[PDB]
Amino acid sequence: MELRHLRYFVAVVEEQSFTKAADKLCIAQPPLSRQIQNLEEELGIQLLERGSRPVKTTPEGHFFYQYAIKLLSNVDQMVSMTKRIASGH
């Protein structure tokens, strides 16, 4: 598990398309699709419904998404706050 997997996962959910996700992320659709499989096979959990356009989360997906964005958000504050402090000497 890396932030990469989350950020990728989040892009899929928000955008409801590996394609549109892959565009926004500036990578191709397959490698994206593989990183999602990887995430899932690592958790042994199915995060996205297979067999439907648009692309929708499973109950577990939705739970995970919720903690994903909150957790990515927290990384971003962690970095900001840290930079402000590097101006104290």
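Just count from 1 along the sequence shown to find any residue number.
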property	result
Of 35-43 and 22-30, the stretch whose C-alpha atoms average the higher B-factor in the entry	22-30
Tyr67, C-alpha B-factor rank within chain (lowest, middle or highest third)	highest
Ranked against its chain, the third holding the CA B-factor of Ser73	lowest
Ranked C-alpha temperature factor of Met81 among modelled chain residues, by third	highest
